[PDB]
Student: 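Take a look at this one; I'll ask things after.
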Amino acid sequence: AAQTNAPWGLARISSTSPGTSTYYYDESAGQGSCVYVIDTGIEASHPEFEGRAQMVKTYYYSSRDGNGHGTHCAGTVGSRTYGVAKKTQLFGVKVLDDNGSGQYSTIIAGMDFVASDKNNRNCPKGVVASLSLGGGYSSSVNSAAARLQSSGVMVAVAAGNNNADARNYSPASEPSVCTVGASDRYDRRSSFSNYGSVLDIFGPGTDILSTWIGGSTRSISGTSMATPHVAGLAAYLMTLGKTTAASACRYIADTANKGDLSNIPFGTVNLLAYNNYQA
């Protein structure tokens with residue numbers, strides 16, 4: 001399938017080169033997979049979600065996304081126009097308040113929630129969790145992310161936006177999950193993206209158009225925007241039967257565009273998420 005005039009990041013994930021604008025993908029589109037977006041919530045009534053999004057948990061007085069960040073990330077995973085996996089099921093877990101903040105104890109509870117809650121959902125092709133969040137190093141946060149991965153969920157986490165080594169941030173620094181850096185439309189490391197040995201992959205993260213609250217859209221930047229490209233890619237590849245939750249990060253790294261990015265520090269992988277779809 002071909003989507004013309006797609007956001008640049010979707011075009012990038014299905015291309016061997018920068019500078020194109022059509023996204024190419026197998027029409028299965030992540031059907032039968034599920035992606036949990038652990039964030040500020042999802043405005044599930046947005047027409048872009050087509051009834052495929054729902055909130056499953058909040059730790060606050062409402063499940064409404066009063067911020068936009070979680071809606072934007074969910075849109076990059078799975079919205080009809082802005083999403084990688086256009087037929088996946090999206091589940092919102094509101095661990096972040098409407099200012100974008102959350103206590104680590106709430107974030108941990110949300111990860112353990114997903115590890116169990118997947119047993120209440122129909123996801124025959126597999127389960128992914130997208131974590132566009134993080135703070136300073138915490139062994140307990142890393143362990144929660146490790147448990148979620150161990151339970152059979154492909155965990156994708158943002159590297160962080162400190163232009164620093166991700167070893168000092170969590171859950172970015174957990175080895176067993178998929179830590180995602182950000183790139184721009186010219187295949188440069190995004191100026192804010194963290195780096196280091198713990199990164200597994202880069203995805204598009206500068207100037208990413210997606211859904212926003214109030215039934216709207218906007219373009220924003222961050223490793224938060226790169227992470228859902230990888231989460232959606234994993235769901236898409238799992239629906240195709242190409243990989244599994246336990247091996248999807250490694251498979252994405254194995255099949256990535258290699259050596260295409262600039263300003264990658266010595267010792268950080270030069271790997272850009274790629275669906276290897278041949279139309």
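For the numbers below, each heavy atom of this structure counts, side chains included, while hydrogens, waters and symmetry mates do not. In this chain, residues are counted from 1 in sequence order.
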Student: Should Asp254 and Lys258 be marked as a salt bridge (charged side-chain N to carboxylate O under 4.0 Å, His left out) after you check the CA-CA gap, both sets of side-chain angles, and the distance that decides it?
Tutor: CA-CA 9 Å; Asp254 284 349; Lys258 187 171 179 303; over 6 Å; no

Student: Under a 3.5 Å distance rule, please check whether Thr22 uses its side chain to pair with a backbone N or O of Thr4 as donor and acceptor.
Tutor: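 Not a single qualifying donor-acceptor pair exists.
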
Student: Out of the candidates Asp65, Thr40, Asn67, only one should pair with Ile213 under the side-chain contact (heavy atoms from CB on, under 4.5 Å) rule; please name it.
Tutor: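 That would be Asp65.
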
Student: Kindly say whether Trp212 contributes a backbone atom to a donor-acceptor pair with the side chain of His72 at under 3.5 angstrom?
Tutor: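 Not at all, since once roles are kept as given, no pair shorter than 3.5 Å links the two residues.
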
Student: According to a 4.5 Å side-chain heavy-atom criterion applied to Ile, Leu, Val, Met, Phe, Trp and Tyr, with indirect links allowed, do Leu237 and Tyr277 form part of one hydrophobic cluster?
Tutor: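 Yes, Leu237 and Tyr277 fall within the same hydrophobic cluster.
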
Student: Under a 4.5 Å side-chain heavy-atom rule over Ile, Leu, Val, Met, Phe, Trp and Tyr, are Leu233 and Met225 clustered together?
Tutor: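 Per the 4.5 Å side-chain linkage, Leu233 and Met225 are not co-clustered.
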
Student: So does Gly41 get a backbone contact from the side chain of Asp39, meaning a donor-acceptor N/O pair under 3.5 Å?
Tutor: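 Answer holds: no.
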
Student: State, with a plain yes or no, whether a side-chain heavy atom of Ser14 is found less than 4.5 Å away from one of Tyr274.
Tutor: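 Result no, sub-4.5 Å side-chain heavy-atom pair not found.
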
Student: Quick one: does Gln149's side chain have a donor or acceptor within less than 3.5 Å of a partner on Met154's backbone?
Tutor: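 Not confirmed, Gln149 side chain does not pair with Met154 backbone.
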
Student: Say whether, by atom type as modelled, one donor and one acceptor occur between the side chain of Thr211 and the main chain of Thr71 under 3.5 angstrom.
Tutor: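 Pair found, side chain donor or acceptor close to backbone of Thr71.
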
Student: Donor-acceptor pair, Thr88 side chain versus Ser33 backbone, under 3.5 Å?
Tutor: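 Here the side-chain-to-backbone pair exists.
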
Student: Can you check whether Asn120's main-chain N or O pairs, donor with acceptor, with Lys118's side chain at less than 3.5 Å?
Tutor: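 Here the side-chain-to-backbone pair does not exist.
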
Student: Apply side chain to side chain contact (heavy atoms under 4.5 Å, CB included) to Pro265 and list each qualifying residue two or more places apart in sequence or on a separate chain.
Tutor: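 Side chain to side chain contact (heavy atoms under 4.5 Å, CB included) list for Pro265, sorted by chain: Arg189, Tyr195, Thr268.
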
Student: May I ask whether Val180 and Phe192 are part of the same hydrophobic cluster, defined by side-chain heavy atoms of I, L, V, M, F, W, Y residues being less than 4.5 angstrom apart, directly or through others?
Tutor: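 No, no single cluster joins them.
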
Student: If we only count heavy atoms from C-beta on, is the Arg121 to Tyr36 side-chain gap below 4.5 Å?
Tutor: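 Counting from C-beta outward, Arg121 and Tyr36 do come under 4.5 Å.
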
Student: Go through the structure and list residues passing side chain to side chain contact (heavy atoms under 4.5 Å, CB included) with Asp187, not counting sequence neighbours.
Tutor: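 Applying side chain to side chain contact (heavy atoms under 4.5 Å, CB included) to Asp187 gives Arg12, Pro18, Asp260, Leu261, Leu272.
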
Student: Can you tell me if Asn194 uses its side chain to pair, donor with acceptor, with the backbone of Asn162 under 3.5 Å?
Tutor: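 A pair under 3.5 Å: yes.
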
Student: State plainly whether one hydrophobic cluster holds both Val128 and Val230, where clusters connect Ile, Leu, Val, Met, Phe, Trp and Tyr through side-chain heavy atoms under 4.5 angstrom apart.
Tutor: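 As far as the 4.5 Å side-chain criterion goes, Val230 and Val128 are connected within one cluster.
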
Student: Counting N and O atoms only, with roles assigned by atom type, does the side chain of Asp97 sit under 3.5 Å from a partner on the main chain of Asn99, one being a donor and the other an acceptor?
Tutor: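 Yes.
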
Student: Should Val114 and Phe91 be regarded as members of a common hydrophobic cluster, given that ILVMFWY residues are connected when their side-chain heavy atoms come within less than 4.5 Å of each other, either directly or indirectly?
Tutor: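 Shared cluster, yes.
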
Student: Within the side chain of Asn276, is there an N or O that forms a donor-acceptor pair under 3.5 Å with the backbone of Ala256?
Tutor: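 No, because the side chain of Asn276 does not come within donor-acceptor range (under 3.5 Å) of the backbone of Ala256.
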
